[PDB]
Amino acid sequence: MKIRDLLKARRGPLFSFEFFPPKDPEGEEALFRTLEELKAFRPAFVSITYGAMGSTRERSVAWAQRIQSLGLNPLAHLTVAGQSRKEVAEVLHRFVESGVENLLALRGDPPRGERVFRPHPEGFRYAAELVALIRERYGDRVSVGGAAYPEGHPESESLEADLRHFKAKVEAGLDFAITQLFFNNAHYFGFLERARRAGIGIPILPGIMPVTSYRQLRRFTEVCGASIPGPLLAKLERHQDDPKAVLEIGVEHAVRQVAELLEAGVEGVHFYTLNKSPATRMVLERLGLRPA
């Protein structure tokens, strides 16, 4: 069930989505419904977001195990921020020990209120270090993915540096990568070519977040450094007080993006659902897919 193999032997573009482990029963109940609805569209793998600095690691392990019994293939996210190397290696072992064959090796953001990353006094500093750890201890027993930034990571000194660091991370042992969310496909195609030019040949999957609220869009882009197309921005701002109009605008925009990506031959599309199914399901259905 390694993503590396799923990509190579695919019969068409892979559908995947991400969810985060809830912090309450109401959250769990809502997530279960979301998993049920999206599972009907046959996801190749399902990402499990890793709480900031390991704050909810036990929950990640719990869900990595739980979705397998639901017939889903887990891509367990794992960061090195705010945790000792030992703590990281431990949770990593719990994932593998639980049947997880796919890991998304990440660094994690700085603590809240801090713009410059600082590692745990006894932890890793770069995602590449975790990729190396995973390979050194498990080899090709698991498939590893990493984050890519079409518009550059906020902390990178320059785009050239951002790309060099990504290549280094790939060289550490990545089978694939998933990009930060983007709203204009040009950002993605441009990054893809910059990558190929730099000698990177691994599959780089586009990460897409269909918008369901104006605030959501503004806040997510402000934090991740992604940009908003002027036309989309104007439309969402004008209809922000209308939940239905906003959902329609966001879904249509995502449909347009995804339709072109699929025609361009991407190997798959990764959806950021924020534990909600409506937007993603509407995009898939408007693209012509129907529940199994």
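Throughout, we count residues from 1 along the sequence that is shown.
For the stretches 222 to 230 and 65 to 73, which has the higher mean C-alpha B-factor as given in the deposited record?
Averaged over C-alpha atoms, the B-factors run higher in 65 to 73.
Higher-scoring stretch by recorded Cα B factor average, 180 to 188 or 121 to 129
Per the deposited B-factors, the answer is 121 to 129.
Of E90, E151, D175, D162, which one's C-alpha B factor is largest in the deposited record?
Answer, based on the entry's C-alpha B-factors: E90.
For the listed residues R141, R194, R107, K169, which one has the largest C-alpha B-factor as given in the deposited model?
Out of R141, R194, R107, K169, the record gives the largest C-alpha B-factor to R141.
Relative to the other modelled residues of the same chain, rank the CA B-factor of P43 and answer lowest, middle or highest third.
Answer is middle: the recorded C-alpha B-factor places it there.
What third of its chain, lowest, middle or highest, does the C-alpha temperature factor of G27 fall into?
Ranked within chain, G27 CA B lands in the middle tercile.
Where does the C-alpha B-factor of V100 rank in its chain, lowest, middle or highest third?
It belongs to the highest third of the chain when residues are ordered by C-alpha B-factor.
For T34, the third of its chain into which the C-alpha B factor falls:
It falls in the middle third of the chain.
Taking the values exactly as deposited, rank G145 by C-alpha B-factor within its chain and report the matching third: lowest, middle or highest.
Lowest third - that is where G145 ends up once the chain's C-alpha B-factors are sorted.
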